[PDB]
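Read the single chain below, which is given as structure tokens and is the form deposited in one PDB entry.
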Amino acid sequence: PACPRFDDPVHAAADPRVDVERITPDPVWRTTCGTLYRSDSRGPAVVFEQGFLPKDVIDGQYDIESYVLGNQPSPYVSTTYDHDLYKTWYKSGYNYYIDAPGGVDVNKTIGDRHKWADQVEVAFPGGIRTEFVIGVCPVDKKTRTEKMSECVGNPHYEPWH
């Protein structure tokens, strides 16, 4: 089955003050609805209550290539198509599982030749409300593996397809 499409390209946003017209270059929006992932040090006690909030929606770096290459504060919350990218971010103690519409497909938007194209990123302008955060798995730092008996579902997750 194909995915439902919301009319609002930032329907998912935790911070709706994000300014879609300030995004550069012109974004190529993700139209698939597979699970995405985010390595984050922040704990589920916080993420499940707040969602993923972006560092700066008003004065942050709205330029995608600038944000990818130099992680200045931005209106974006980064995620990945790649379940296993947490192995590269071993320091972050969690691999979050996300089921959210939309997002800017970084490689479709700025190409797949830049330094970080292997990150297969999707950038959420305005972040990601908790209802789109499936859950989380803690990461064992020494083996770069998920502690699967310690995964936790987000009580606020609301399936939508």
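Don't overthink the numbering: it's just position in the shown sequence, from 1.
Beyond the structure shown, there is the form solved in complex with a small molecule, which is absent from this document and is the topic of what follows.
Q: Under a 4.5 Å heavy atom criterion, is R38 part of the interface with the small molecule in the deposited complex?
A: The answer is yes: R38 has a heavy atom within 4.5 Å of the small molecule.
Q: Do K108 and the small molecule come within 4.5 Å of each other in the deposited complex, heavy atoms counted?
A: Looking in the deposited complex, residue contacts with the small molecule do not include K108, since no heavy atom lies within 4.5 Å.
Q: Is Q61 one of the residues lying within 4.5 Å of the small molecule in the deposited complex, judged by heavy atom distances?
A: Judged by the heavy-atom cut-off of 4.5 Å, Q61 is well away from the small molecule in the deposited complex.
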